[PDB]
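What follows is one chain in C-alpha cells, specifically the form deposited in one PDB entry.
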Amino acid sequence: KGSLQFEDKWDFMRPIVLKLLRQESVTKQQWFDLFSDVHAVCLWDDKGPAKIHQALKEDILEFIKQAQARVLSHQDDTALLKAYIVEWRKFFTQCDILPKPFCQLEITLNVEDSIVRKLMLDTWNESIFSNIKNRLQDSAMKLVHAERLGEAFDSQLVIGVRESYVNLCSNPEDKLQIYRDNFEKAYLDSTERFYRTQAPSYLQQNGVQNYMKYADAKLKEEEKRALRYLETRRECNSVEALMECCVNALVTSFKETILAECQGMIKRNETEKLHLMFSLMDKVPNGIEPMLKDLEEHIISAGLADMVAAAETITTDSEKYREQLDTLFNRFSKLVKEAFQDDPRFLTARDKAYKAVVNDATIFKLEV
C-alpha cells in the first residue's frame, strides 16, 4: 500500500481545522473526511500522532492571538467584556466540536477529558483570560448590581464570565477553585454588601410587616437569578451558599425585630401574616423555637381567659364546660392549620399547651 504520512495529508486537513476554530461553515463531507484522515495519519505515520499534536498546538495559538488582539483592542472596560463574551461564546462552543475528529489522537497519547479540548481551553487562558479576568469579574458584578436596581442587560455577559471561571481552571484536583475563591465569593460579597445597607433602609421606611413582605420577594428573586448566574450544571451547591447569605442578611439579623410582632399578630389571628413569618423564621436555625413558645404561651393564656370569663355558665353544667374547651381546641387548631400550615412541630406546640389548659380550668374537686 502506498504510504500516506502527515506531510501528505495535513495540507487538506488543516484548512478544516482552521474553519472549525473560527466557526466557519464546514460541509458534512469535510467533517467525515477529516475523521478518516486523522485516523489514517495516526496509525500509518510513525511520528504521525505526535506531529498532529504539535500542528494543532500551533494553529490553535494563532487563532487565539487573533482573538486576543480583537479583544484587548478595547481600553474601555464595558467594551472589553462585551468583546470578550462574544469571542468566548464562539470558542467555547467550538471546544465541544474541534476535539471530536481527534479522539484517535487521545488513545495514541471522551470529549471533555480531551487532550485537544484541554489544549484549547489552556491556550485561551494564557492568552486572554488569566490577565483580564479580574477586570471582567468586577465588570460583571457591576452588571448584576445594576439588575438589582432595575437595569436589565444581556444576561449572557455575566454568564460568559462564570463559564470562564468554571471551565478555565488549571487545578488538577479542584476545578471550581478559582470559581469559589473569585467569582462566587465576589457574588456573595456584592450581595451581602448590597443588602447590609439596602435592607435596614426599607425597614425604617415601611412596616416591619411590610418588610417581611419585602425580605420574601427578595429571597425569591435573589434565588431565581442566582440559578442562572452561578454554577448549577456542576455539583457545588453554590446557589445554597448564596441563599444562606441572603437569609443571614435579610432575616437572621432582623429576627428579634421580626419575632417581636409574633405575640401581637397571633392575638389578632393574622394567619395571613403569621404564614409569612413562619415561612422565613423557618429558614433560620432556632428560628421558630420562639414562635412555638409565643403560641403555646398564648393558648395557655387565652384559654384560661375564656374559661374564667365564662364560668358563670360553665360551672352549672358539665357539658357547657366541655363545649367551651371544644370551642377553643377547634379555634386554636383553626389557627395552627391556617397560619402555621399544621407543621408537626406547631401541633406538638398546641397539644402540649391545650393539654395544659385542661388541667388548669378544673373547677370541681372532692376528696375523702
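So that the term is clear: the rigid core is the largest set of C-alpha atoms that superpose within 1.5 Å between two forms. The first residue of the shown sequence is 1; numbering continues from there.
Just so it is clear, the following notes concern the form deposited in another entry, a form of the same protein that is not shown.
- Superposing the two forms on their core leaves just one of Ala186, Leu276, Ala241, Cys103 with a Cα displacement of at least 2 Å between this form and the one not shown, namely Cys103.
- In this overlay on the rigid core, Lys334 has a C-alpha that sits less than 2 Å away from its partner position between this form and the one not shown.
- With the core superposed, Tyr202 shows a C-alpha displacement below 2 Å between this form and the one not shown.
- In this overlay on the rigid core, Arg135 has a C-alpha that sits 2 Å or more away from its partner position between this form and the one not shown.
- Pairwise change in the other form: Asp96 and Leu227 C-alpha atoms lie farther apart than in the shown form, at least 3 Å.
- The pair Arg225 and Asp76 is tighter in the other form: their Cα-Cα distance falls by no less than 3 Å compared with this form.
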